[PDB]
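Heads up, the chain below is alone and in the form deposited in one PDB entry; it's given as structure tokens.
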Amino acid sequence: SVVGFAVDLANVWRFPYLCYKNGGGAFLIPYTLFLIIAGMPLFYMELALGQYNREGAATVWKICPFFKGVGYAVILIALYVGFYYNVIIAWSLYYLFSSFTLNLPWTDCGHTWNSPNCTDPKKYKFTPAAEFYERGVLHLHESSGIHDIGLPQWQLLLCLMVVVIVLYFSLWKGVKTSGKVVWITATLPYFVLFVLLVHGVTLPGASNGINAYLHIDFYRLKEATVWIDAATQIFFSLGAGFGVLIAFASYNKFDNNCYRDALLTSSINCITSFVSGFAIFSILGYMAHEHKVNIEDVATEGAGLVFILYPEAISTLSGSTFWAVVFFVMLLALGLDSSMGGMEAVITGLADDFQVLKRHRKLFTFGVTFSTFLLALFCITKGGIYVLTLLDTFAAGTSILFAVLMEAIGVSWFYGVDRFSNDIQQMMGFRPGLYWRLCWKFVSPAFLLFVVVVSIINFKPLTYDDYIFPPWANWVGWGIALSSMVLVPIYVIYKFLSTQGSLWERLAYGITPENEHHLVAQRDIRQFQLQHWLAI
């Protein structure tokens, strides 16, 4: 129905600035290839696991112990990502509250936040829109670096509090009963994107942007950054690896098809990404023509690209207040939907392990939301964009790829792809097929391992638009990244130590399904013969 139209904030906010940073059309090849190779198979696998096991993300490993750390890693990654996603909803709320006027604040250089170097056009950042973004919302000119953070800005704290309160009151009494937060997330993004796409092709100088978008230069390939970014964006926008798909599938009809769900979700994700890229590059070409500069020196390459691009296109339409209000309401709805999904995933995954948290939902929800608010207090300071840049690089970078790789390895090699394909035939009626099984078993681990190894080997020091972080910010970032990657060996060691027996009865009590326990004494254990390990 309308619950398959999964359009996320990572498709409207994050894809545009990753596509512009990596050249343009030289970014869609590693994206589409990675989609085909590993996004659909893993989305299918996650949907099938969640549907069949009828449980959350951390207690879903009742089919194979020694692997519960994969759930605790994706529970922590979800937390880290919500400490910075709620600051992009606060920005949207600030812009929406500033949009209620007949003279938009991002059109003139005669305000109190304008530097005397403001040039009206009639990396830069001396334009009215960039000046507004960097000096009236962020107040970044009062910070010198990550070492000089400053105090939180009250005008953004008052917007963060509203977001936190809304999230808590939407999550405090069970899950939302559906069809309340998505009947507008489904329709509005497509209408707004269509209007922007049809309007932006008639602007002067948009042809250059379109040509730059539909042009592939191969020198940008053969470099690690494009492939790493494409893989991370796939496993950020498809929803896999965050533990949300399993929790969502845990509440569903048993015989609901997931083949069609996976195909439709992937196709719509690709279409929306392509349309967003087209619109963004058309606006970029327009601005490049207006300022008489190249298309590569006209806009920032950071996380605030849309908040400088989209207002510029809005200010050219007829009735630029109605459209601004519509666009920012759409952004707010998308952000609220994504935050609700992530927080629900966390709460369910933590309340399935322990039974004392299932009768204290108010207190637990309050705890999670208040922790998120307190930890997000760091990103609304006068130098919070640096912290947001650190967290948007190291919270789900190599760690998410490692988690997905470990989950795929675990399932396909230790539980058995034969059993995985035999319990899907038991609940749908058809056996997956050769392509899906081969894809999972051999093609997903290989490419995921290649990406992880290349990312570790070819690391690049962190920078923000000519600003170079001190050499300890990278250490802090790697410490954040390894905080979830280390939970997998630790749980294996603890589980191995906590049981009793020899090497046998310990290596085998944590590799067989929990239900299949009274066959260890009989020694009827499949994983030890070679014919388990030659699955097709």
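Just so we're on the same page, rigid core means the largest C-alpha set that superposes within 1.5 Å between forms. The first residue of the sequence shown is number 1, and the count goes up from there.
- Count the deposited residues lacking coordinates between residue 222 and residue 223 and you get none at all.
Missing here is the form deposited in another entry; even so, the following discussion is about that form.
- Aligning the rigid core between the shown form and the other one and inspecting 251, 172, 97, 354, the C-alpha positions shift by 2 Å or more at one residue, which is 172.
- Shown in the overlay between the shown form and the other one, fitted on the rigid core, is a CA shift at residue 142 smaller than 2 Å.
- Remark: with the core as the superposition reference, the CA shift of residue 28 between the shown form and the other one reaches 2 Å or more.
- After superposing the rigid core, the C-alpha of residue 300 moves by 2 Å or more between the shown form and the other one.
- A decrease of at least 3 Å in the separation of the C-alpha atoms of residue 179 and residue 47 is found in the other form, compared with the displayed form.
- Relative to this form, in the other form the C-alpha atoms of residue 223 and residue 77 separate from one another by 3 angstroms or more.
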